[PDB]
Amino acid sequence: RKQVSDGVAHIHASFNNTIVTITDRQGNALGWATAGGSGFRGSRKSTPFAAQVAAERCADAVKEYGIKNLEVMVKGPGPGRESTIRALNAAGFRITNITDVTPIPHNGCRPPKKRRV
RNA sequence: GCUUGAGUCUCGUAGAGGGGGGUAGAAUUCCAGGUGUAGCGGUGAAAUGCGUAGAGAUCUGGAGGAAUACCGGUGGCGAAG
Ligand SMILES: [Mg+2]
Ligand SMILES: [Mg+2]
């Protein structure tokens with residue numbers, strides 16, 4: 001439809017769920033998928049396998065997309081932070097740079113208290 | 001009377017010692033806008049809760065508060081805090 005011919009995939013991976021969204025360099029989202037929405041409701045959605053399933057499910061259908069080269073950037077503590085890439089790269093888009101954001105707060109915003117369980 | 005206790009004077013050193021003022025980066029939250037769409041979030045597992053009145057994720061701009069990520073150590077300073 002637009003034939004971007006290049007893009008970047010933002011992965012937000014946490015201990016609870018994984019989200020993957022394809023986007024343009026100018027911050028324009030085309031599609032997204034989540035392990036929770038990929039039929040892994042419960043404890044499996046936090047597993048690496050459900051992350052790669054969502055990655056490939058979001059990467060599929062490249063015809064209308066048109067993104068040939070798809071960079072990658074991950075954020076947060078994921079289920080290895082590598083399985084999603086292992087699936088996405090084989091999905092068809094070659095990877096040349098992966099950046100990791102993982103926002104590290106330089107102090108401030110006192111974290112929540114501890115869990116006594 | 002004396003100089004060894006105590007003290008003053010000259011030249012230097014290290015240090016989160018204390019009070020006042022200024023400024024910088026990261027991150028959280030919130031507000032406005034753009035793409036986008038069915039979930040998000042949380043747990044041992046759930047639910048409440050948020051979202052089709054468009055959430056979450058993502059990009060641009062803005063407001064404001066608080067603390068200074070490594071350096072950082074069987075390091076330092078302070079009578080103690
Ligand atoms: Mg918590
Ligand atoms: Mg003196």
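To find a chain, count down the sequence lines: A is the first, B the second, and so on, and within it residues start at 1.
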B/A55|B/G56 base stack, centroid gap <5.5 Å, plane angle <30°: yes
Given a cut-off of 3.5 Å on both distances, is B/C40 paired to B/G61 by Watson-Crick or G-U wobble rules? no
Could you check B/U37 and say if its sugar is north or south from the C1'-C2'-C3'-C4' sign? south
Taking A/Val53's backbone N and O only, do any of them form a donor-acceptor pair with A/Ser38's side chain (distance below 3.5 Å, no angle check)? no
With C1' as the reference atom in both, quote the distance from B/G36 to B/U52 in angstrom, rounded to an integer. 13 Å
Whom does B/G36 pair with, Watson-Crick or G-U wobble, provided both distances fall under 3.5 Å? none
If I read the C1'-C2'-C3'-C4' torsion for B/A24, does it come out on the north side (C3'-endo) or the south side (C2'-endo)? north
North (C3'-endo side) or south (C2'-endo side) for B/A32 via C1'-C2'-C3'-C4': north
Sugar pucker assignment (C1'-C2'-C3'-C4' positive north, negative south) for B/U74: north
Could you check B/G73 for me: syn (within 90° of 0) or anti? syn
Distance, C1' atom - from B/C50 to B/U37, rounded to whole angstrom: 16 Å
So what does A/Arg41 touch, heavy atoms closer than 4.0 Å: a base, only the sugar-phosphate, or nothing? base
Examine the six-membered rings in the bases of B/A24 and B/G25 and report whether their centres are under 5.5 angstrom apart and their planes under 30 degrees. yes
For chain A, the stretch of RNA chain B it reaches, first to last nucleotide, under 4.0 Å of its heavy atoms: B/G25 to B/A69
Sticking with atom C1', work out how far B/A69 lies from B/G39, rounded to a whole angstrom. 34 Å
Using the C1' atom on both, measure B/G12 against B/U74 and round to a whole Å. 31 Å
Find which nucleotide of RNA chain B each of A/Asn17 and A/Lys2 is nearest to by heavy atoms, and output the residue with the more 5' nucleotide. A/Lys2
Nearest 0.5 Å, please: how far is OG1 in A/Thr23 from CG in A/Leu30? 7.0 Å
Suppose you measure atom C1' in B/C71 against the same atom in B/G25; what distance do you get, rounded to whole Å? 16 Å
When rounded to the nearest 0.5 angstrom, what distance separates CD1 in A/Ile85 from CD1 in A/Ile98? 5.5 Å
Looking at the six-ring of each base, are B/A32 and B/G33 less than 5.5 angstrom apart at the centres and less than 30 degrees apart in plane? yes
Starting at the 5' end of RNA chain B and moving along, which residue's nearest nucleotide shows up first, A/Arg25 or A/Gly37? A/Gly37
Searching all strands shown, indicate the nucleotide that pairs with B/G5 (Watson-Crick or G-U wobble; both distances under 3.5 Å). none
Which base sits across from B/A24 as a Watson-Crick or G-U pair, both distances under 3.5 Å? B/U68
Are A/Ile11 and A/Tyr65 connected into the same hydrophobic cluster when the rule is that any two of I, L, V, M, F, W, Y join if their side-chain heavy atoms are below 4.5 Å apart? yes
With north defined by a positive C1'-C2'-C3'-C4' torsion and south by a negative one, B/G33 has a sugar that is north
What about B/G5 and B/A6, stacked or not, using centres under 5.5 Å and planes under 30°? yes
Can you tell me how far the OG atom of A/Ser14 sits from the CD1 atom of A/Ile19, to the nearest 0.5 Å? 7.0 Å
Judged by modelled atom types alone, do A/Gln26 and A/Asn28 share a side-chain donor-acceptor pair under 3.5 Å? no
Going from OG1 on A/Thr34 to NE2 on A/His12, what distance comes out if it is rounded to the nearest 0.5 angstrom? 12.5 Å
Any base atoms under 4.0 Å from A/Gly31, or only sugar-phosphate, or nothing? Heavy atoms, all strands. nothing
Write down the partner of B/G51 under the Watson-Crick or G-U wobble criteria, each distance required to be under 3.5 Å. none
Looking at every strand, decide which applies to A/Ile104 at a 4.0 Å heavy-atom threshold: base, sugar-phosphate, or nothing. sugar-phosphate
Would B/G34 and B/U35 be classed as stacked, given the thresholds of under 5.5 Å between six-membered ring centres and under 30° between planes? yes
In this structure, NE2 of A/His10 is separated from CD of A/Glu71 (nearest 0.5 Å) by 10.0 Å
Complement of B/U10, any strand, by Watson-Crick or G-U distances under 3.5 angstrom: none
Mind checking if A/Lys45 touches a base, just sugar-phosphate, or nothing, with heavy atoms under 4.0 Å? base
Are A/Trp32 and A/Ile22 connected into the same hydrophobic cluster when the rule is that any two of I, L, V, M, F, W, Y join if their side-chain heavy atoms are below 4.5 Å apart? no
Roughly how far apart, to the nearest Å, are B/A57 and B/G41 at atom P? 8 Å
Measuring only the P atom in each nucleotide, how far is B/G42 from B/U48? A whole number of Å is fine. 16 Å
Derivation and outcome, side chain to side chain contact (heavy atoms under 4.5 Å, CB included), residues A/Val62 and A/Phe93: CA-CA 10 Å; A/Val62 86; A/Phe93 333 117; 3.4 Å; yes
Between B/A67 and B/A24 - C1' atom distance, rounded Å: 14 Å
